[PDB]
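**Student:** Here you go, this is start.txt (compact mmCIF, N, CA and C atoms).
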# COMPACT_ATOMS: atom_id res chain seq x y z
N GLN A 1 16.79 101.51 -68.76
CA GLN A 1 15.67 100.81 -68.14
C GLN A 1 14.34 101.31 -68.70
N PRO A 2 14.06 100.95 -69.96
CA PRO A 2 12.83 101.35 -70.64
C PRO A 2 11.60 100.65 -70.07
N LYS A 3 10.46 100.85 -70.72
CA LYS A 3 9.21 100.24 -70.28
C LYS A 3 9.21 98.74 -70.56
N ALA A 4 8.57 97.98 -69.69
CA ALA A 4 8.49 96.53 -69.84
C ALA A 4 7.08 96.02 -69.55
N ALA A 5 6.50 95.31 -70.51
CA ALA A 5 5.16 94.77 -70.35
C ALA A 5 5.17 93.52 -69.47
N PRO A 6 4.51 93.60 -68.31
CA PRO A 6 4.43 92.48 -67.37
C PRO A 6 3.58 91.33 -67.89
N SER A 7 3.75 90.15 -67.30
CA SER A 7 3.00 88.97 -67.72
C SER A 7 1.82 88.73 -66.78
N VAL A 8 0.85 87.94 -67.25
CA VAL A 8 -0.33 87.63 -66.45
C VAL A 8 -0.65 86.14 -66.51
N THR A 9 -0.56 85.48 -65.36
CA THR A 9 -0.83 84.05 -65.27
C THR A 9 -1.57 83.70 -63.98
N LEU A 10 -2.80 83.22 -64.12
CA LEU A 10 -3.61 82.85 -62.96
C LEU A 10 -3.51 81.36 -62.68
N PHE A 11 -3.42 81.00 -61.40
CA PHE A 11 -3.33 79.61 -61.00
C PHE A 11 -4.28 79.30 -59.85
N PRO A 12 -4.79 78.06 -59.81
CA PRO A 12 -5.71 77.62 -58.76
C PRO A 12 -5.04 77.49 -57.40
N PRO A 13 -5.85 77.34 -56.35
CA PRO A 13 -5.35 77.20 -54.98
C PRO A 13 -4.64 75.86 -54.75
N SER A 14 -3.78 75.82 -53.74
CA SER A 14 -3.04 74.60 -53.42
C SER A 14 -3.89 73.65 -52.59
N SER A 15 -3.71 72.35 -52.82
CA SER A 15 -4.46 71.33 -52.09
C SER A 15 -4.24 71.46 -50.59
N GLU A 16 -3.02 71.83 -50.21
CA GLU A 16 -2.68 71.98 -48.80
C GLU A 16 -3.63 72.97 -48.12
N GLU A 17 -3.77 74.15 -48.71
CA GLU A 17 -4.65 75.18 -48.16
C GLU A 17 -6.11 74.84 -48.40
N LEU A 18 -6.40 74.27 -49.57
CA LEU A 18 -7.76 73.90 -49.93
C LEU A 18 -8.35 72.94 -48.90
N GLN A 19 -7.58 71.92 -48.54
CA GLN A 19 -8.02 70.93 -47.56
C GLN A 19 -8.39 71.60 -46.25
N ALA A 20 -7.68 72.67 -45.91
CA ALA A 20 -7.94 73.40 -44.67
C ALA A 20 -8.91 74.55 -44.91
N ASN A 21 -9.64 74.49 -46.02
CA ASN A 21 -10.60 75.53 -46.37
C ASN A 21 -9.89 76.87 -46.60
N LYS A 22 -9.02 76.90 -47.61
CA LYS A 22 -8.28 78.11 -47.94
C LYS A 22 -7.83 78.09 -49.39
N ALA A 23 -7.81 79.26 -50.02
CA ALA A 23 -7.38 79.38 -51.41
C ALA A 23 -6.54 80.63 -51.63
N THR A 24 -5.41 80.47 -52.31
CA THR A 24 -4.52 81.59 -52.59
C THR A 24 -4.16 81.66 -54.07
N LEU A 25 -4.61 82.72 -54.73
CA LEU A 25 -4.34 82.91 -56.15
C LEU A 25 -2.89 83.30 -56.38
N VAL A 26 -2.34 82.90 -57.52
CA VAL A 26 -0.96 83.22 -57.87
C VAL A 26 -0.88 83.93 -59.21
N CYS A 27 -0.26 85.11 -59.21
CA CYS A 27 -0.11 85.89 -60.43
C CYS A 27 1.36 86.00 -60.83
N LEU A 28 1.73 85.31 -61.91
CA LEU A 28 3.10 85.33 -62.40
C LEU A 28 3.38 86.60 -63.19
N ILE A 29 4.38 87.36 -62.76
CA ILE A 29 4.75 88.60 -63.43
C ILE A 29 6.23 88.62 -63.78
N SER A 30 6.53 88.79 -65.06
CA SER A 30 7.91 88.82 -65.53
C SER A 30 8.08 89.83 -66.66
N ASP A 31 9.31 90.28 -66.87
CA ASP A 31 9.61 91.24 -67.92
C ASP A 31 8.78 92.51 -67.75
N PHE A 32 8.93 93.17 -66.60
CA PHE A 32 8.19 94.39 -66.31
C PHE A 32 9.10 95.44 -65.68
N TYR A 33 8.53 96.60 -65.38
CA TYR A 33 9.29 97.69 -64.77
C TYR A 33 10.17 97.17 -63.63
N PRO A 34 11.13 98.00 -63.21
CA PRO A 34 12.06 97.66 -62.13
C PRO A 34 11.36 97.61 -60.77
N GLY A 35 10.45 96.66 -60.61
CA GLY A 35 9.73 96.53 -59.35
C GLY A 35 8.67 97.60 -59.18
N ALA A 36 8.24 98.19 -60.29
CA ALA A 36 7.22 99.24 -60.25
C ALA A 36 5.93 98.78 -60.93
N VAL A 37 4.93 98.44 -60.13
CA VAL A 37 3.65 97.98 -60.65
C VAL A 37 2.54 98.14 -59.62
N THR A 38 1.30 97.91 -60.04
CA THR A 38 0.16 98.03 -59.15
C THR A 38 -0.53 96.68 -58.96
N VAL A 39 -0.67 96.27 -57.71
CA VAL A 39 -1.32 95.00 -57.39
C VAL A 39 -2.84 95.15 -57.36
N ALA A 40 -3.51 94.42 -58.24
CA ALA A 40 -4.97 94.46 -58.31
C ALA A 40 -5.54 93.14 -58.82
N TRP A 41 -6.70 92.77 -58.30
CA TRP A 41 -7.35 91.52 -58.70
C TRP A 41 -8.81 91.77 -59.07
N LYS A 42 -9.39 90.83 -59.81
CA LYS A 42 -10.78 90.94 -60.23
C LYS A 42 -11.52 89.62 -60.03
N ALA A 43 -12.62 89.67 -59.29
CA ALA A 43 -13.42 88.47 -59.02
C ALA A 43 -14.67 88.45 -59.90
N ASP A 44 -15.37 87.32 -59.87
CA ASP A 44 -16.59 87.16 -60.66
C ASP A 44 -17.18 88.52 -61.02
N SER A 45 -17.97 89.08 -60.11
CA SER A 45 -18.60 90.38 -60.34
C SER A 45 -17.98 91.45 -59.44
N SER A 46 -17.64 91.05 -58.22
CA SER A 46 -17.05 91.97 -57.26
C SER A 46 -15.52 91.96 -57.35
N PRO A 47 -14.95 93.08 -57.80
CA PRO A 47 -13.49 93.22 -57.95
C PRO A 47 -12.78 93.28 -56.61
N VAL A 48 -11.54 92.79 -56.59
CA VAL A 48 -10.74 92.79 -55.36
C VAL A 48 -9.60 93.80 -55.45
N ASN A 49 -9.13 94.25 -54.29
CA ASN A 49 -8.03 95.21 -54.23
C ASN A 49 -7.13 94.94 -53.03
N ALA A 50 -7.74 94.88 -51.85
CA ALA A 50 -7.00 94.63 -50.62
C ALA A 50 -6.96 93.14 -50.29
N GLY A 51 -6.11 92.76 -49.34
CA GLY A 51 -6.00 91.37 -48.95
C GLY A 51 -5.10 90.58 -49.88
N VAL A 52 -4.12 91.25 -50.47
CA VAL A 52 -3.19 90.60 -51.38
C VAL A 52 -1.74 90.91 -51.00
N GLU A 53 -0.92 89.86 -50.94
CA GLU A 53 0.49 90.02 -50.58
C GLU A 53 1.35 90.16 -51.83
N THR A 54 2.39 90.99 -51.74
CA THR A 54 3.29 91.22 -52.86
C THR A 54 4.74 90.98 -52.46
N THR A 55 5.37 90.00 -53.10
CA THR A 55 6.76 89.67 -52.81
C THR A 55 7.72 90.51 -53.65
N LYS A 56 8.83 90.92 -53.05
CA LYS A 56 9.82 91.72 -53.74
C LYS A 56 10.23 91.07 -55.06
N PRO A 57 10.47 91.91 -56.08
CA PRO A 57 10.86 91.44 -57.41
C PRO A 57 12.28 90.86 -57.42
N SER A 58 12.73 90.44 -58.60
CA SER A 58 14.06 89.87 -58.74
C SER A 58 14.55 89.99 -60.19
N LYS A 59 15.76 90.51 -60.36
CA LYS A 59 16.35 90.67 -61.68
C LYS A 59 16.44 89.33 -62.40
N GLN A 60 16.27 89.36 -63.72
CA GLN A 60 16.34 88.15 -64.53
C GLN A 60 17.61 88.12 -65.37
N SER A 61 17.74 87.11 -66.22
CA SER A 61 18.91 86.96 -67.07
C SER A 61 19.04 88.15 -68.02
N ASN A 62 17.90 88.75 -68.36
CA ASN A 62 17.88 89.90 -69.27
C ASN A 62 17.70 91.20 -68.49
N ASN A 63 18.02 91.16 -67.20
CA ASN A 63 17.90 92.34 -66.35
C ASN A 63 16.43 92.66 -66.09
N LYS A 64 15.54 91.86 -66.66
CA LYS A 64 14.10 92.06 -66.48
C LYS A 64 13.66 91.66 -65.08
N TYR A 65 12.89 92.52 -64.44
CA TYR A 65 12.40 92.26 -63.09
C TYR A 65 11.20 91.31 -63.12
N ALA A 66 11.12 90.44 -62.13
CA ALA A 66 10.03 89.48 -62.04
C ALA A 66 9.44 89.45 -60.63
N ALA A 67 8.12 89.53 -60.54
CA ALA A 67 7.44 89.51 -59.25
C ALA A 67 6.17 88.67 -59.32
N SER A 68 5.45 88.60 -58.20
CA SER A 68 4.22 87.82 -58.13
C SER A 68 3.36 88.26 -56.95
N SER A 69 2.05 88.20 -57.12
CA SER A 69 1.12 88.60 -56.07
C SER A 69 0.30 87.40 -55.58
N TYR A 70 -0.17 87.48 -54.34
CA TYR A 70 -0.96 86.40 -53.76
C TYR A 70 -2.23 86.95 -53.11
N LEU A 71 -3.38 86.45 -53.56
CA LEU A 71 -4.66 86.89 -53.02
C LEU A 71 -5.12 85.98 -51.89
N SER A 72 -5.45 86.57 -50.75
CA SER A 72 -5.90 85.81 -49.59
C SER A 72 -7.42 85.81 -49.50
N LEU A 73 -8.04 84.72 -49.93
CA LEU A 73 -9.49 84.59 -49.90
C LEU A 73 -9.90 83.15 -49.65
N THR A 74 -11.19 82.94 -49.41
CA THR A 74 -11.72 81.60 -49.16
C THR A 74 -11.78 80.78 -50.44
N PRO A 75 -11.82 79.45 -50.29
CA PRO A 75 -11.87 78.53 -51.43
C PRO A 75 -13.21 78.59 -52.16
N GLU A 76 -14.26 78.98 -51.43
CA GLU A 76 -15.59 79.07 -52.01
C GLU A 76 -15.73 80.34 -52.86
N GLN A 77 -15.02 81.39 -52.46
CA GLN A 77 -15.06 82.65 -53.19
C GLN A 77 -14.62 82.47 -54.63
N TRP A 78 -13.46 81.84 -54.82
CA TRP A 78 -12.93 81.61 -56.15
C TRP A 78 -13.72 80.51 -56.87
N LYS A 79 -14.11 79.49 -56.12
CA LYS A 79 -14.87 78.38 -56.68
C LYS A 79 -16.19 78.87 -57.28
N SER A 80 -16.63 80.04 -56.84
CA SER A 80 -17.88 80.62 -57.33
C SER A 80 -17.76 80.98 -58.81
N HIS A 81 -16.58 81.43 -59.21
CA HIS A 81 -16.33 81.81 -60.60
C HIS A 81 -15.56 80.72 -61.33
N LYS A 82 -15.62 80.75 -62.66
CA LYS A 82 -14.92 79.77 -63.48
C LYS A 82 -13.42 80.02 -63.48
N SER A 83 -13.04 81.29 -63.57
CA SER A 83 -11.63 81.67 -63.58
C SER A 83 -11.44 83.08 -63.03
N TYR A 84 -10.26 83.34 -62.48
CA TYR A 84 -9.95 84.64 -61.90
C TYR A 84 -9.15 85.49 -62.88
N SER A 85 -8.90 86.74 -62.50
CA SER A 85 -8.14 87.66 -63.35
C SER A 85 -7.23 88.55 -62.51
N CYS A 86 -5.96 88.61 -62.89
CA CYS A 86 -4.99 89.43 -62.18
C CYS A 86 -4.67 90.71 -62.95
N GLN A 87 -4.95 91.85 -62.33
CA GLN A 87 -4.70 93.14 -62.96
C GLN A 87 -3.25 93.57 -62.75
N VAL A 88 -2.58 93.92 -63.84
CA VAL A 88 -1.19 94.35 -63.78
C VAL A 88 -1.01 95.73 -64.41
N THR A 89 -0.72 96.72 -63.59
CA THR A 89 -0.52 98.09 -64.07
C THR A 89 0.91 98.30 -64.55
N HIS A 90 1.05 98.90 -65.73
CA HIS A 90 2.36 99.16 -66.31
C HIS A 90 2.30 100.33 -67.28
N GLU A 91 3.15 101.33 -67.05
CA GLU A 91 3.19 102.51 -67.91
C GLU A 91 1.79 103.04 -68.18
N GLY A 92 0.92 102.93 -67.18
CA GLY A 92 -0.45 103.40 -67.33
C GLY A 92 -1.31 102.43 -68.12
N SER A 93 -0.93 101.16 -68.11
CA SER A 93 -1.67 100.14 -68.84
C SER A 93 -2.07 98.99 -67.91
N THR A 94 -3.35 98.62 -67.96
CA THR A 94 -3.86 97.55 -67.12
C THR A 94 -4.50 96.45 -67.97
N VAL A 95 -4.14 95.20 -67.69
CA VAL A 95 -4.67 94.07 -68.42
C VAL A 95 -5.01 92.91 -67.48
N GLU A 96 -5.99 92.11 -67.87
CA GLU A 96 -6.41 90.97 -67.07
C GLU A 96 -6.48 89.70 -67.91
N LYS A 97 -6.40 88.55 -67.25
CA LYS A 97 -6.46 87.26 -67.93
C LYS A 97 -7.57 86.39 -67.35
N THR A 98 -7.99 85.39 -68.13
CA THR A 98 -9.04 84.48 -67.69
C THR A 98 -8.80 83.07 -68.22
N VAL A 99 -8.63 82.12 -67.30
CA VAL A 99 -8.39 80.73 -67.66
C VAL A 99 -8.87 79.78 -66.57
N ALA A 100 -9.68 78.80 -66.95
CA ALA A 100 -10.20 77.83 -66.00
C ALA A 100 -9.20 76.70 -65.77
N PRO A 101 -8.76 76.54 -64.51
CA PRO A 101 -7.80 75.50 -64.13
C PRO A 101 -8.41 74.10 -64.20
N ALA A 102 -7.55 73.09 -64.24
CA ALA A 102 -7.99 71.71 -64.30
C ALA A 102 -9.00 71.40 -63.19
N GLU A 103 -9.83 70.39 -63.41
CA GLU A 103 -10.84 70.00 -62.43
C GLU A 103 -10.43 68.71 -61.72
N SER A 104 -9.78 67.82 -62.46
CA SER A 104 -9.35 66.54 -61.90
C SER A 104 -8.55 66.75 -60.62
N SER A 105 -7.79 67.84 -60.57
CA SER A 105 -6.98 68.16 -59.40
C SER A 105 -7.82 68.12 -58.13
N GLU A 106 -7.17 67.81 -57.01
CA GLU A 106 -7.86 67.74 -55.73
C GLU A 106 -8.20 69.13 -55.22
N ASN A 107 -9.38 69.27 -54.62
CA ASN A 107 -9.82 70.56 -54.09
C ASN A 107 -10.29 70.41 -52.65
N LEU A 108 -10.91 71.46 -52.12
CA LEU A 108 -11.41 71.46 -50.75
C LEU A 108 -12.28 70.23 -50.50
N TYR A 109 -11.85 69.38 -49.57
CA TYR A 109 -12.59 68.17 -49.24
C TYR A 109 -12.58 67.93 -47.73
N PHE A 110 -13.34 66.93 -47.29
CA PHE A 110 -13.42 66.59 -45.88
C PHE A 110 -12.19 65.81 -45.43
N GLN A 111 -11.25 66.50 -44.79
CA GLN A 111 -10.03 65.87 -44.31
C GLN A 111 -10.33 64.88 -43.19
Hey, can you dump this file as structure tokens for me?
**Tutor:**
Amino acid sequence: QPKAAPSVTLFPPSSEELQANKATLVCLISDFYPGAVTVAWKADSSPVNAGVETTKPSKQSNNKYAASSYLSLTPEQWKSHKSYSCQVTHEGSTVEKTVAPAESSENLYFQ
């Protein structure tokens, strides 16, 4: 069970939660340590740490563990920035990603 570099994938909030004034970030993590990592997030200027849920990992076809984190914040908080970044700690290594999600998609509106 050697070292495994985790993946980083940021996704926009769901319309279901958005409509109700809510946004939950999703961080896809695969091919990493055996359920051993550090959950961390980064916002526009103010970095995040607490208020994030972590679901138990799961072995893959290659025995590689896969997990994901969820950030609990308002829809306006994320909407303030163009894209979010998910910090993934591994073997003493931390990396973040940045990508702006589609706009055409439905967002927080007057239900």
**Student:** Using only N, CA and C atoms, which residue out of A:32, A:101, A:1, A:7 lies closest to residue 64 in chain A?
**Tutor:**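 Distance minimum relative to residue 64 in chain A lands on A:32.
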**Student:** CA of residue 59 in chain A to atom C of residue 37 in chain A: how many Å, to one decimal?
**Tutor:**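 CA of residue 59 in chain A sits 15.8 Å away from atom C of residue 37 in chain A.
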**Student:** Would you compute the distance between CA of residue 40 in chain A and CA of residue 71 in chain A? Give it in Å to one decimal.
**Tutor:**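 Rounded to one decimal, the two atoms are 9.2 Å apart.
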**Student:** May I have the residues at most 7 Å from (0.4, 87.0, -67.8) in the file's coordinates, counting only N, CA and C atoms, as number ranges by chain?
**Tutor:** A: 6-10, 28-30, 97
**Student:** Which value, in Å to one decimal, gives the distance between CA of residue 52 in chain A and CA of residue 106 in chain A?
**Tutor:**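 Straight-line distance from CA of residue 52 in chain A to CA of residue 106 in chain A works out to 23.7 Å.
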**Student:** List every residue of chain A that DSSP, applied to the backbone of this structure, assigns to helix (DSSP H, G or I), and report them as a list in words.
**Tutor:**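 Selecting the helix (DSSP H, G or I) positions of chain A gives residues 15, 16, 17, 18, 19, 75, 76, 77, 78 and 79 of chain A.
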**Student:** Do a neighbour search on residue 75 in chain A at 7 Å with only N, CA and C atoms, toss out local chain neighbours closer than 2 positions, and write the hits as a PyMOL selection string.
**Tutor:** chain A and resi 18+21-24+73+77-80
**Student:** Could you give me, as a CSV table (one decimal) with N, CA and C atoms, keeping the file's coordinate frame, the residues within 9 Å of residue 68 in chain A, counting only C-alpha atoms and dropping anything in the same chain fewer than 3 positions from it?
**Tutor:**
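Generated file (around_25.csv):
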chain,number,residue,atom,x,y,z
A,26,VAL,N,-2.3,82.9,-57.5
A,26,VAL,CA,-1.0,83.2,-57.9
A,26,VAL,C,-0.9,83.9,-59.2
A,27,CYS,N,-0.3,85.1,-59.2
A,27,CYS,CA,-0.1,85.9,-60.4
A,27,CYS,C,1.4,86.0,-60.8
A,28,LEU,N,1.7,85.3,-61.9
A,28,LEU,CA,3.1,85.3,-62.4
A,28,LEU,C,3.4,86.6,-63.2
A,29,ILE,N,4.4,87.4,-62.8
A,29,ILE,CA,4.8,88.6,-63.4
A,29,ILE,C,6.2,88.6,-63.8
A,30,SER,N,6.5,88.8,-65.1
A,30,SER,CA,7.9,88.8,-65.5
A,30,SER,C,8.1,89.8,-66.7
A,53,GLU,N,-0.9,89.9,-50.9
A,53,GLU,CA,0.5,90.0,-50.6
A,53,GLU,C,1.4,90.2,-51.8
A,54,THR,N,2.4,91.0,-51.7
A,54,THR,CA,3.3,91.2,-52.9
A,54,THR,C,4.7,91.0,-52.5
A,55,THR,N,5.4,90.0,-53.1
A,55,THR,CA,6.8,89.7,-52.8
A,55,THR,C,7.7,90.5,-53.6
A,56,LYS,N,8.8,90.9,-53.0
A,56,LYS,CA,9.8,91.7,-53.7
A,56,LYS,C,10.2,91.1,-55.1
A,57,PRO,N,10.5,91.9,-56.1
A,57,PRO,CA,10.9,91.4,-57.4
A,57,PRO,C,12.3,90.9,-57.4
**Student:** Given all atoms listed in the file as the basis, pick out the residue of A:90, A:25, A:95, A:111 nearest to residue 72 in chain A.
**Tutor:**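 So, comparing all the options, the nearest one is A:25.
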**Student:** Kindly indicate which residue among A:87, A:14, A:61, A:105 lies nearest to residue 41 in chain A, using all atoms listed in the file for the distances.
**Tutor:**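 Between A:87, A:14, A:61, A:105, the residue approaching residue 41 in chain A most closely is A:87.
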**Student:** Rank A:51, A:13, A:46, A:35 by their smallest atom-to-atom distance to residue 67 in chain A, using all atoms listed in the file, and report the top residue only.
**Tutor:**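 Answer, going by the shortest atom-to-atom distance: A:35.
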**Student:** Pick out the closest residue to residue 85 in chain A from this set: A:100, A:50, A:43, A:4. Count all atoms listed in the file.
**Tutor:**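 Nearest to residue 85 in chain A: A:43.
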**Student:** Pick out the closest residue to residue 5 in chain A from this set: A:91, A:44, A:17, A:76. Count all atoms listed in the file.
**Tutor:**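 Going through A:91, A:44, A:17, A:76 one by one, the smallest distance to residue 5 in chain A is for A:91.
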**Student:** Run DSSP on the backbone of this structure and report the residues of range 39-103 of chain A it assigns to strand (DSSP E or B), as an NGL selection string.
**Tutor:** :A and (39-42 or 48 or 52-59 or 65-73 or 85-90 or 93-95)
**Student:** Which residues come within 7 Å of residue 20 in chain A, counting only N, CA and C atoms, excluding same-chain residues fewer than 3 positions away, as a ChimeraX atom specification?
**Tutor:** /A:15-17,108-109
**Student:** Rebuild N, CA, C and O atoms on range 6-26 of chain A, as a JSON list (two decimals), keeping the file's coordinate frame?
**Tutor:**
[["chain", "number", "residue", "atom", "x", "y", "z"],
["A", 6, "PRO", "N", 4.51, 93.60, -68.31],
["A", 6, "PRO", "CA", 4.43, 92.48, -67.37],
["A", 6, "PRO", "C", 3.58, 91.33, -67.89],
["A", 6, "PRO", "O", 2.78, 91.51, -68.82],
["A", 7, "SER", "N", 3.75, 90.15, -67.30],
["A", 7, "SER", "CA", 3.00, 88.97, -67.72],
["A", 7, "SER", "C", 1.82, 88.73, -66.78],
["A", 7, "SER", "O", 1.78, 89.24, -65.66],
["A", 8, "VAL", "N", 0.85, 87.94, -67.25],
["A", 8, "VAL", "CA", -0.33, 87.63, -66.45],
["A", 8, "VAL", "C", -0.65, 86.14, -66.51],
["A", 8, "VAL", "O", -0.96, 85.59, -67.57],
["A", 9, "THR", "N", -0.56, 85.48, -65.36],
["A", 9, "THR", "CA", -0.83, 84.05, -65.27],
["A", 9, "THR", "C", -1.57, 83.70, -63.98],
["A", 9, "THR", "O", -1.03, 83.87, -62.89],
["A", 10, "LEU", "N", -2.80, 83.22, -64.12],
["A", 10, "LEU", "CA", -3.61, 82.85, -62.96],
["A", 10, "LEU", "C", -3.51, 81.36, -62.68],
["A", 10, "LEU", "O", -3.51, 80.54, -63.60],
["A", 11, "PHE", "N", -3.42, 81.00, -61.40],
["A", 11, "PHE", "CA", -3.33, 79.61, -61.00],
["A", 11, "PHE", "C", -4.28, 79.30, -59.85],
["A", 11, "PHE", "O", -4.56, 80.15, -59.00],
["A", 12, "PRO", "N", -4.79, 78.06, -59.81],
["A", 12, "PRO", "CA", -5.71, 77.62, -58.76],
["A", 12, "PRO", "C", -5.04, 77.49, -57.40],
["A", 12, "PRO", "O", -3.81, 77.52, -57.29],
["A", 13, "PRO", "N", -5.85, 77.34, -56.35],
["A", 13, "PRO", "CA", -5.35, 77.20, -54.98],
["A", 13, "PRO", "C", -4.64, 75.86, -54.75],
["A", 13, "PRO", "O", -4.88, 74.89, -55.47],
["A", 14, "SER", "N", -3.78, 75.82, -53.74],
["A", 14, "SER", "CA", -3.04, 74.60, -53.42],
["A", 14, "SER", "C", -3.89, 73.65, -52.59],
["A", 14, "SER", "O", -4.70, 74.08, -51.77],
["A", 15, "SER", "N", -3.71, 72.35, -52.82],
["A", 15, "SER", "CA", -4.46, 71.33, -52.09],
["A", 15, "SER", "C", -4.24, 71.46, -50.59],
["A", 15, "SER", "O", -5.16, 71.23, -49.80],
["A", 16, "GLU", "N", -3.02, 71.83, -50.21],
["A", 16, "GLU", "CA", -2.68, 71.98, -48.80],
["A", 16, "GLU", "C", -3.63, 72.97, -48.12],
["A", 16, "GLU", "O", -4.21, 72.67, -47.07],
["A", 17, "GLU", "N", -3.77, 74.15, -48.71],
["A", 17, "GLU", "CA", -4.65, 75.18, -48.16],
["A", 17, "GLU", "C", -6.11, 74.84, -48.40],
["A", 17, "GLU", "O", -6.97, 75.08, -47.55],
["A", 18, "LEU", "N", -6.40, 74.27, -49.57],
["A", 18, "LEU", "CA", -7.76, 73.90, -49.93],
["A", 18, "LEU", "C", -8.35, 72.94, -48.90],
["A", 18, "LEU", "O", -9.47, 73.12, -48.44],
["A", 19, "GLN", "N", -7.58, 71.92, -48.54],
["A", 19, "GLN", "CA", -8.02, 70.93, -47.56],
["A", 19, "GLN", "C", -8.39, 71.60, -46.25],
["A", 19, "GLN", "O", -9.30, 71.15, -45.55],
["A", 20, "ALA", "N", -7.68, 72.67, -45.91],
["A", 20, "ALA", "CA", -7.94, 73.40, -44.67],
["A", 20, "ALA", "C", -8.91, 74.55, -44.91],
["A", 20, "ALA", "O", -9.00, 75.48, -44.11],
["A", 21, "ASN", "N", -9.64, 74.49, -46.02],
["A", 21, "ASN", "CA", -10.60, 75.53, -46.37],
["A", 21, "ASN", "C", -9.89, 76.87, -46.60],
["A", 21, "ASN", "O", -10.13, 77.84, -45.89],
["A", 22, "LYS", "N", -9.02, 76.90, -47.61],
["A", 22, "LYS", "CA", -8.28, 78.11, -47.94],
["A", 22, "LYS", "C", -7.83, 78.09, -49.39],
["A", 22, "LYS", "O", -7.50, 77.04, -49.93],
["A", 23, "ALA", "N", -7.81, 79.26, -50.02],
["A", 23, "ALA", "CA", -7.38, 79.38, -51.41],
["A", 23, "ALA", "C", -6.54, 80.63, -51.63],
["A", 23, "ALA", "O", -6.91, 81.72, -51.18],
["A", 24, "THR", "N", -5.41, 80.47, -52.31],
["A", 24, "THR", "CA", -4.52, 81.59, -52.59],
["A", 24, "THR", "C", -4.16, 81.66, -54.07],
["A", 24, "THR", "O", -3.50, 80.77, -54.60],
["A", 25, "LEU", "N", -4.61, 82.72, -54.73],
["A", 25, "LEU", "CA", -4.34, 82.91, -56.15],
["A", 25, "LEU", "C", -2.89, 83.30, -56.38],
["A", 25, "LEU", "O", -2.27, 83.96, -55.54],
["A", 26, "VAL", "N", -2.34, 82.90, -57.52],
["A", 26, "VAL", "CA", -0.96, 83.22, -57.87],
["A", 26, "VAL", "C", -0.88, 83.93, -59.21],
["A", 26, "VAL", "O", -1.37, 83.44, -60.22]]
